[PDB]
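Following: one structure in structure tokens, then a few remarks.
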Amino acid sequence: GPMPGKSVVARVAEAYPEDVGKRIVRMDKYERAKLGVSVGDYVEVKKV
Amino acid sequence: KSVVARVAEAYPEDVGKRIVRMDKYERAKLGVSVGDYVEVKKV
């Protein structure tokens with residue numbers, strides 16, 4: 001059933017070269033599902 | 001030092017690995033390095 005979006009803790013990995021400078025983060029469907037976001041949505045990232 | 005970024009899909013090889021790919025500008029603005037851990041939340 002529907003779950004609310006939750007914060008996710010993830011390990012930083014380096015960007016693919018075509019993505020550099022585009023202010024994107026690539027995250028898979030499991031992280032997006034837990035976050036409650038779709039591709040093209042915006043997220044806030046903070047150090048932990 | 002929160003930074004806003006747009007979500008893009010994962011490369012197939014990265015699916016299931018609990019990573020977030022971000023470039024050198026984002027890492028600098030966040031003050032993090034590859035391998036560090038970050039918290040991500042929906043805007």
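In the structure tokens, chains take the letters A, B, ... in the order shown, each chain's residues start at 1, and ligands count up from 1 in the order shown.
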Taking only C-alpha atoms into account and nothing else, which residues of chain A lie no more than 7 Å away from chain B? Please answer as a compact mmCIF listing (two decimals) with N, CA and C atoms, in the first residue's frame.
```
# COMPACT_ATOMS: atom_id res chain seq x y z
N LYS A 6 10.15 9.10 2.89
CA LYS A 6 11.07 9.15 4.02
C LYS A 6 12.43 9.63 3.54
N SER A 7 13.20 10.19 4.46
CA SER A 7 14.60 10.48 4.16
C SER A 7 15.34 9.19 3.85
N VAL A 8 16.32 9.29 2.97
CA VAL A 8 17.18 8.17 2.66
C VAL A 8 18.62 8.58 2.88
N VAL A 9 19.40 7.67 3.42
CA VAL A 9 20.84 7.85 3.57
C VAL A 9 21.50 7.03 2.47
N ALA A 10 22.35 7.67 1.68
CA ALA A 10 22.99 6.99 0.56
C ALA A 10 24.45 7.39 0.51
N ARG A 11 25.24 6.54 -0.14
CA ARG A 11 26.68 6.75 -0.29
C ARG A 11 26.94 7.56 -1.56
N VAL A 12 27.72 8.63 -1.42
CA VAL A 12 28.06 9.46 -2.57
C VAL A 12 28.92 8.67 -3.55
N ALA A 13 28.57 8.73 -4.84
CA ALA A 13 29.37 8.16 -5.91
C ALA A 13 29.61 9.23 -6.97
N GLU A 14 30.69 9.09 -7.74
CA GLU A 14 31.01 10.15 -8.67
C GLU A 14 30.06 10.15 -9.87
N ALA A 15 29.97 11.30 -10.52
CA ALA A 15 28.98 11.49 -11.56
C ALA A 15 29.46 10.94 -12.88
N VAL A 20 27.94 16.12 -15.66
CA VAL A 20 28.67 17.08 -14.85
C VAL A 20 28.17 18.49 -15.15
N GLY A 21 27.86 19.24 -14.09
CA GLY A 21 27.40 20.60 -14.20
C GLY A 21 25.91 20.77 -14.35
N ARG A 23 23.49 19.72 -12.15
CA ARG A 23 22.76 19.74 -10.89
C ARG A 23 21.75 18.59 -10.83
N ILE A 24 22.21 17.39 -11.15
CA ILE A 24 21.34 16.23 -11.00
C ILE A 24 21.98 15.27 -10.00
N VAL A 25 21.14 14.41 -9.44
CA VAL A 25 21.58 13.26 -8.65
C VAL A 25 20.89 12.05 -9.24
N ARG A 26 21.65 11.01 -9.53
CA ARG A 26 21.06 9.78 -10.03
C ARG A 26 20.80 8.85 -8.85
N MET A 27 19.55 8.42 -8.70
CA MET A 27 19.15 7.50 -7.65
C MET A 27 18.16 6.51 -8.24
N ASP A 28 18.23 5.26 -7.77
CA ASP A 28 17.48 4.19 -8.40
C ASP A 28 16.03 4.18 -7.92
N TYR A 30 14.45 2.13 -6.03
CA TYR A 30 14.21 1.81 -4.63
C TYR A 30 14.38 3.04 -3.75
N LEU A 35 11.87 7.67 -0.96
CA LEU A 35 11.75 9.12 -0.88
C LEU A 35 10.35 9.60 -1.23
N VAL A 37 9.51 10.12 -4.55
CA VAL A 37 9.74 11.03 -5.66
C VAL A 37 9.75 10.24 -6.96
N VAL A 39 11.28 10.42 -11.18
CA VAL A 39 12.34 11.00 -11.99
C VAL A 39 11.90 12.40 -12.40
N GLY A 40 12.79 13.39 -12.23
CA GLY A 40 12.45 14.76 -12.55
C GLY A 40 11.96 15.59 -11.38
N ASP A 41 11.72 14.98 -10.23
CA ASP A 41 11.43 15.69 -9.00
C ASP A 41 12.72 16.25 -8.41
N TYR A 42 12.56 17.12 -7.42
CA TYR A 42 13.70 17.74 -6.76
C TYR A 42 13.86 17.21 -5.35
N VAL A 43 15.12 17.11 -4.93
CA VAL A 43 15.48 16.68 -3.59
C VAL A 43 16.45 17.67 -2.98
N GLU A 44 16.56 17.58 -1.67
CA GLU A 44 17.51 18.34 -0.88
C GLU A 44 18.51 17.34 -0.33
N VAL A 45 19.80 17.63 -0.47
CA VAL A 45 20.86 16.74 -0.02
C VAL A 45 21.68 17.46 1.05
N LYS A 46 21.96 16.75 2.15
CA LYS A 46 22.74 17.30 3.25
C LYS A 46 23.76 16.29 3.73
N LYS A 47 24.88 16.80 4.23
CA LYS A 47 25.88 15.95 4.86
C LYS A 47 25.31 15.32 6.14
N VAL A 48 25.74 14.09 6.42
CA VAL A 48 25.41 13.46 7.70
C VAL A 48 26.69 13.11 8.45
```
For this session: Determine which residues of chain B DSSP labels as helix (DSSP H, G or I) from the backbone of this structure, then write them out as a ChimeraX atom specification.
Result: /B:12-14,24-30
What would the file look like if the residues just selected were written as a short mmCIF file (atom, residue, chain, number, x, y, z; two decimals), in the first residue's frame with N, CA, C and O atoms?
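Once everything was written out, this is out.cif:
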```
data_model
loop_
_atom_site.label_atom_id
_atom_site.label_comp_id
_atom_site.auth_asym_id
_atom_site.auth_seq_id
_atom_site.Cartn_x
_atom_site.Cartn_y
_atom_site.Cartn_z
N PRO B 12 21.49 0.96 -14.94
CA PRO B 12 21.09 -0.38 -14.48
C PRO B 12 22.08 -1.01 -13.52
O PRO B 12 21.68 -1.56 -12.49
N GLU B 13 23.38 -0.89 -13.80
CA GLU B 13 24.41 -1.45 -12.93
C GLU B 13 24.39 -0.83 -11.53
O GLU B 13 24.93 -1.44 -10.60
N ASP B 14 23.78 0.34 -11.35
CA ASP B 14 23.75 0.96 -10.04
C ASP B 14 22.50 0.63 -9.25
O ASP B 14 22.41 1.01 -8.08
N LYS B 24 31.21 16.98 -9.06
CA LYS B 24 32.18 17.62 -8.19
C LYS B 24 31.66 18.95 -7.65
O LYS B 24 32.09 19.38 -6.57
N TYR B 25 30.76 19.62 -8.38
CA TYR B 25 30.18 20.86 -7.86
C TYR B 25 29.27 20.57 -6.67
O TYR B 25 29.40 21.22 -5.62
N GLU B 26 28.37 19.61 -6.80
CA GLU B 26 27.50 19.28 -5.67
C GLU B 26 28.31 18.83 -4.47
O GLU B 26 28.00 19.20 -3.34
N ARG B 27 29.33 18.00 -4.69
CA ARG B 27 30.10 17.49 -3.56
C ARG B 27 30.80 18.64 -2.86
O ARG B 27 30.81 18.72 -1.63
N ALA B 28 31.33 19.59 -3.63
CA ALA B 28 31.98 20.75 -3.02
C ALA B 28 30.99 21.61 -2.24
O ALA B 28 31.26 22.00 -1.10
N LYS B 29 29.83 21.92 -2.84
CA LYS B 29 28.83 22.73 -2.15
C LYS B 29 28.36 22.08 -0.87
O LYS B 29 28.04 22.78 0.10
N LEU B 30 28.29 20.75 -0.84
CA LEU B 30 27.93 20.00 0.35
C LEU B 30 29.10 19.76 1.28
O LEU B 30 28.89 19.35 2.43
#
```
For this session: From chain B, collect each residue whose DSSP state is strand (DSSP E) and return the set as an NGL selection string.
Result: :B and (3-8 or 19-22 or 37-42)
Exercise. Residue 36 in chain A: which residues within 7 Å, counting only C-alpha atoms, same-chain residues fewer than 3 positions away excluded, as an NGL selection string?
Worked result: :A and (4-5 or 32-33)
Mind writing the picked residues with N, CA and C atoms as a compact mmCIF listing (two decimals), in the first residue's frame?
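Output (result_39.txt):
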```txt
# COMPACT_ATOMS: atom_id res chain seq x y z
N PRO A 4 4.34 6.93 3.17
CA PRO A 4 4.84 8.30 3.04
C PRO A 4 6.30 8.30 2.63
N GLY A 5 6.72 9.40 2.02
CA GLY A 5 8.12 9.56 1.67
C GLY A 5 8.97 9.73 2.91
N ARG A 32 14.10 6.16 -4.85
CA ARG A 32 13.01 7.08 -5.18
C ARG A 32 11.71 6.66 -4.53
N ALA A 33 11.43 5.35 -4.51
CA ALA A 33 10.23 4.84 -3.85
C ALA A 33 10.22 5.21 -2.37
```
